[PDB]
């Protein structure tokens, strides 16, 4: 711990134009020092790639609206996820900087992984996606959300803000930035600091 770039992460200084595809509202979370912090999640695309983005400056909420074009620089990339820090630059693109993102990229960005492919993951691998709730178990300390698709079932462990969420079997759980851990010799998805869940009917 001597530079702020995480282990195995990369600093990108050069400007990158992206189109915003989706974004969450700002939400509060807790830092390891128990400070209340604020961020949002977003998905953005270039003409050739999409990225999930952790946005650590909620003053950027209006810039991260669907179909807006923005230019990012001085941001980190870690495990394929972009991180927009308070020190990052995020500017509104000019008309001559807008780009044409193919629909295939947008469909891809919006696709969820199958649970069987999540189950193949290495310890610590990070996943996002929308899954059907099969079974919920609220414990003293955390909640087990068992999600299922045609490829398999897996447990999602929620604690803190993600403990005892208001949902029922059959609802869809939109998971942001969960990661794989081995518990009872079986892959489970668990929260990290920046995890988020949204429920839909």
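Positions refer to the first chain, counted from 1.
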{"item": "Mean C-alpha temperature factor, higher of 44 to 52 and 153 to 161", "value": "153 to 161"}
{"item": "Stretch with the greater mean C-alpha B-factor as recorded in the entry, comparing 81 to 89 against 97 to 105", "value": "97 to 105"}
{"item": "Maximum C-alpha temperature factor, selected from 167, 58, 70, 175", "value": "167"}
{"item": "Ranked C-alpha temperature factor of residue 191 among modelled chain residues, by third", "value": "middle"}
{"item": "Position of residue 147 among the chain's modelled residues by C-alpha B-factor, lowest, middle or highest third", "value": "middle"}
{"item": "Ranked against its chain, the third holding the CA B-factor of residue 11", "value": "middle"}
{"item": "Residue 17, C-alpha B-factor rank within chain (lowest, middle or highest third)", "value": "lowest"}
